[PDB]
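J.: Sharing a structure below in structure tokens format, with a few things to ask.
Here Cβ is always computed from backbone atoms with ideal geometry, including for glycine, and neighbour counts include all displayed protein chains. Read-outs throughout are calculated quantities, based only on the coordinates presented, and are distinct from any laboratory measurement.
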Amino acid sequence: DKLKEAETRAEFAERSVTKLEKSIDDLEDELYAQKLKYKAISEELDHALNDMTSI
Amino acid sequence: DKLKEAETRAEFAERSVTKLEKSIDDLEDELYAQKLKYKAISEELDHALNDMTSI
Amino acid sequence: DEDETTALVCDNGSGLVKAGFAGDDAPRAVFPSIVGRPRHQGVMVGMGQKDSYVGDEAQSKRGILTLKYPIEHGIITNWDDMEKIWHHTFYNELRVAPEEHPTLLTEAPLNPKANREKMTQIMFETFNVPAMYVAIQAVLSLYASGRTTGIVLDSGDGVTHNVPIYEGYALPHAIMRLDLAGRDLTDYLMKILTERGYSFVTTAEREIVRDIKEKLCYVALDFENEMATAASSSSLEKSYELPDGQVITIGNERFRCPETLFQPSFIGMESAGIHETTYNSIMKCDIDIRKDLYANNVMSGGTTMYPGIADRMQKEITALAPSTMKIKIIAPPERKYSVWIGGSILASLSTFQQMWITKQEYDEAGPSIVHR
Amino acid sequence: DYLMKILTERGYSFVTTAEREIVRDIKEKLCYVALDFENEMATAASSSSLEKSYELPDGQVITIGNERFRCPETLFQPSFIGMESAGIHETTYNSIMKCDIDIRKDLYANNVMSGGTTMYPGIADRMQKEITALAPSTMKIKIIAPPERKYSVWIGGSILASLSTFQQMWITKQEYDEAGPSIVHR
Amino acid sequence: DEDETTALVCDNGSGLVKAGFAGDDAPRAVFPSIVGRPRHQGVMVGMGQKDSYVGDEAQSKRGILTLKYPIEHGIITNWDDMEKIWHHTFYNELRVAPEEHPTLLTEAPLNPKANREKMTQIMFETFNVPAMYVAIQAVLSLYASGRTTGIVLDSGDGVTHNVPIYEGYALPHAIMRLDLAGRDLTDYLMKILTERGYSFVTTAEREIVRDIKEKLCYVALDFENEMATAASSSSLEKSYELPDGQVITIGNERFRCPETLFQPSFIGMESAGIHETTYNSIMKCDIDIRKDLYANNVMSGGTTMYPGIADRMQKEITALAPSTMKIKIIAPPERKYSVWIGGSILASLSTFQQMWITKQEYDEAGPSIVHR
């Protein structure tokens, strides 16, 4: 009986780890996408703040 | 005997899930920090492109 | 393959539908057994006017609809709204056309003869399925645990049952029904948790008390000196983080909720509890079959999943049963789908083909044919 | 009108109507909503190069250092003007704990700002921190303040009314002459 | 006389305290349940610096103090501020010394065990009363209407309740609480009256909307064809003269305000209303006791005073109850003090002496003693 319980929970803990590992890779990837989509708008920015201080 | 094996492995799977869950929460939090640090620079931007088109 | 692939298994519950293909190991589709009807005229962006909503879209949009439950206590109470849940199951959830798939359905323990004939009338005459079959739920649960004689304590969302089965025939006069289940149990936790000094105020607070019940609730053995333990205050406590930060703590109540299943008195119920009822079913059966039932207490249903349910039941009936007896409480891990899995097995089986009620049988014998 | 008084109170006079009108152009150009309005007054005192002088219709260079932000601190503290009502951020919040529970994560991540008076720079940062610190930490806060916000309302109408699908919601004289004013009232 | 004269009865509410001597017919003291704390340093002419203000001096001086309500929804939420309201009641309002008076207090329907023990701890240990007793509010209301079995719809300033009582024991599992009461009701009138094209701008405009609600509001029976009546515009209208001349007219809204108690949807409440809730309490009770509860719907509380409340409720539950049943809605005239009067009767009674918890019981048994 201790067994059915230990095994059933091992299976649930493994299903939850694969679920959370799958959600960590999607957030970490959505990420370098966000972190990069920015260097571009922050750099378009030092530029688009410098020309109106000049005009 | 099947038991010592199912339990020991369950413990290792649980240790790995808590490790990966801890790394998903740090990336997802480093995240709303990045995603938000931007709404601010992209909005500071529609603004800092609108006043020089006006000046 | 014609129908090896093709058999569908639909288990209709009071809270959830479980559905999928005979052959699979678990239900392809699981969703609430609701049918929402919009309280006001209007639309979602990009959609048309919808007359009705079913399953999760009814739950998600519950604030603008009047929600209705077709199955009260395991029995189909509204046939207009049930044909709606079936329609949704075939066409949207499993995305199959029903007119080329044999369909194994389930019914409840003492399901009125007339209902088994009515869902047959609707299966064959409005969905035009090739063939169908209605199995009794406890009977599929037992069978999914390999055996043919045993007694199933079956407990889901609106009903609890005890169905003693002998060489496959569920024993009508020994079946017991207790109308207190997981639904009742979430609402009691609710109060002992607001009573712990809390507030489940918005609907995002309400719904998650149920996810607290599922994740953190326990059935302690020696529930007596577990309250006593609570008081010395060990590291028995357990804090859950809400949709936001609001870390709620649940130490003790954690097990006061499933102690409701042994003590219905916790909720103003005067009925007997799960273990006594297991037993009473058993001293209502033939004498010669009582050693069999005792060594084969199979558990199935979402509400029998509370850890330590089996140990408490083990000791609950040992101590009521004559000592000459062998007690044995089987509680498998997949038990929230036992019923369904028993249907998947049975309907994919090599020998079941000759029990399918075909449109030939029906068009020729009337609903009586499948009724048995 | 509050800036007016804290600026006459700075030792000034908006005497003719050409003095009155331009206090409003001072408010628009030079006013700020500081985050940590607390240690901004403190900053004012050490007297940094926080000050800001505006040249009037004529030469009369008026200086506004500090009051510059004491004016939008009125939106968080109505007590600055003898108002007993709650302020902008608390009110954002109270609206939110008056709504259904399940919809409160949505509202919190979508605080859209519109209107001429929400244009004071740093309004969004102050509001950001104002409601984070009132909201349960499990929550995501998000204060959207677009640049064109003094015309959000109008632009939303321009979009909607030029839209391809809106044609079927226009109340026509046919609807009206036949249904009475009730028709458009919904 | 020792205590025949000497028993005090203090009914603690969400909006008002009602207090006085057991024996009297009505409360000697009635005042708001607030505790004001001055926002600035300074004094009134001739007085000293005051740290705190309670009751009417807190209301009258509200512009310089931060007002706080100790009892949220009938439950004591702040014990520092409650001991302040009690102090005020004994020493200033009733001007008695508490250490020679037995004190009957009241609590709410499902008042947490721990609170009944805490106010006992404060009554005996900081006020040093000889003896005390905590009665449940609906239970005193019932009893003040002579009977012992009935169901009380109790509705005051912050809570509404239904407390089914059988031979004196309030039935825990059948009690319903609806957090919408007279406070909610004054604020809704406020809006339908500003919405009538008005302005309650200064604080002398705010306060009197509540006096409009009390004097001119109605609960119409057939609220349907009362709106219809409003339109034909009969001499149904009613103008009230403000602190000054400013004659304000209220025709219609007059009853749109108590229709909120049957339709919570008027105020963005999704909960059921008063009459349905009376009923649901009743189909949650034992079967054999349901004819009793139906013929004994006792009403108490300030918000149940709206004329025609009883007729609407009469017809509201007749038409939900099985026709074999006798409906009977008792609404006495003194109902804004039922609770208190029931306590006055009980505590001045000849047989109650043997239920008083004495300092002997307490110093010997701990707060547990009175908790029951």
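J.: For segment C:150-170, how many residues are part of a loop (DSSP other than H, G, I, E, B) and surrounded by 19 or more Cβ atoms within 10 Å (Cβ to Cβ)?
T.: 4
J.: While we're on this one: Taking segment C:175-185 only, how many residues are out of contact with any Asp or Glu (no Cβ under 9 Å at 6 or more places or on another chain) and either among the hydroxyl-bearing types (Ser, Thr, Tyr) or within 22 Å of C:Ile136 (Cβ to Cβ) (or both)?
T.: Number of matching residues: 6.
J.: Let me ask another. Within segment C:239-272, restricting attention to residues that are among the aliphatic types (A, V, I, L, M) and assigned to a loop (DSSP other than H, G, I, E, B), which residue is farthest from the other protein chains (Cβ to nearest Cβ)?
T.: Within segment C:239-272, the subset among the aliphatic types (A, V, I, L, M) is C:242, C:247-248, C:250, C:261, C:267, C:269, C:272.
Then keep just the ones that are assigned to a loop (DSSP other than H, G, I, E, B); that gives C:242, C:269, C:272.
Values: C:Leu242: 5, C:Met269: 9, C:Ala272: 17 Å.
Among those that are among the aliphatic types (A, V, I, L, M) and assigned to a loop (DSSP other than H, G, I, E, B), it is C:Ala272.
J.: Can you pull out every residue in segment C:174-197 that is within 12 Å of another protein chain (Cβ to nearest Cβ), more than 15 Å from the chain's Cα centre (by Cα) and in contact (Cβ under 8 Å) with a residue 24 or more places away in the chain?
T.: C:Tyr188, C:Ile192, C:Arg196
J.: Considering only segment C:330-356, state which residues are buried (at least 24 other Cβ atoms within 10 Å of the Cβ) and not in a helix (DSSP H, G or I).
T.: Correct list: C:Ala331 only.
J.: Hey, could you check segment B:31-43 for residues that are within 7 Å of chain A (Cβ to nearest Cβ) and under 30 Å from A:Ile55 (Cα atoms) and say which is surrounded by the most Cβ atoms within 10 Å (Cβ to Cβ)?
T.: B:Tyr38
J.: Return the residue satisfying two criteria in turn: it lies in segment E:12-49 and is of a type in the set (S, T, N, Q), touching a helix residue (DSSP H, G or I) at 6+ places or on another chain (Cβ under 8 Å) and not in a strand (DSSP E or B), and of such residues it is surrounded by the fewest Cβ atoms within 10 Å (Cβ to Cβ).
T.: Looking at residues that are of a type in the set (S, T, N, Q), touching a helix residue (DSSP H, G or I) at 6+ places or on another chain (Cβ under 8 Å) and not in a strand (DSSP E or B), I get E:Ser14.
J.: Does A:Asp46 qualify as being more than 7 Å from every other protein chain (Cβ to nearest Cβ) and assigned to a helix (DSSP H, G or I)?
T.: yes
J.: Name the residues in segment D:140-165 that are out of contact with any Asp or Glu (no Cβ under 8 Å at 6 or more places or on another chain) and small (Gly, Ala, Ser), would you?
T.: Matches in segment D:140-165: D:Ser152, D:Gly156, D:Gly157, D:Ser158, D:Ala161, D:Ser162, D:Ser164.
J.: Report the residue count in segment B:3-30 for those that are at the interface with chain A (Cβ under 7 Å from one of its Cβ atoms) and either touching a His at 6+ places or on another chain (Cβ under 9 Å) or not polar (S, T, N, Q) (or both).
T.: Looking only at that region, the number is 13.
J.: Please determine whether any residue of segment D:138-149 is assigned to a loop (DSSP other than H, G, I, E, B), within 14 Å of chain C (Cβ to nearest Cβ), among the hydrophobic types (A, V, I, L, M, F, W, C) and under 30 Å from C:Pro243 (Cα atoms).
T.: Scanning segment D:138-149, I find at least one residue that is assigned to a loop (DSSP other than H, G, I, E, B), within 14 Å of chain C (Cβ to nearest Cβ), among the hydrophobic types (A, V, I, L, M, F, W, C) and under 30 Å from C:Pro243 (Cα atoms), so the answer is yes.
J.: Filter segment D:75-114 down to the residues that are under 20 Å from D:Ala133 (Cβ atoms) and of a type in the set (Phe, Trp, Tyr), then identify the one that is farthest from the other protein chains (Cβ to nearest Cβ).
T.: D:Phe76
J.: I'd like to verify a number: residues in segment E:309-329 that are under 19 Å from the mean Cα position of the chain (by Cα) and surrounded by fewer than 21 Cβ atoms within 10 Å (Cβ to Cβ), how many?
T.: 1
J.: Shifting gears a bit: Could we say that D:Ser137 is in contact with an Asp or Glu (Cβ under 8 Å, 6 or more places away or on another chain), more than 28 Å from D:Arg70 (Cβ to Cβ) and surrounded by fewer than 16 Cβ atoms within 10 Å (Cβ to Cβ) here?
T.: Here the answer is yes, as D:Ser137 does meet what is asked.
J.: Next question. Among the residues in segment A:14-36, are any assigned to a helix (DSSP H, G or I), among the basic types (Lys, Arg) and closer than 13 Å to B:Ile41 by Cβ?
T.: Yes, segment A:14-36 contains a residue that is assigned to a helix (DSSP H, G or I), among the basic types (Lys, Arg) and closer than 13 Å to B:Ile41 by Cβ.
J.: Could you tell me whether C:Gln59 is closer than 30 Å to D:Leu160 by Cβ and either acidic (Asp, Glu) or not in a strand (DSSP E or B) (or both)?
T.: no
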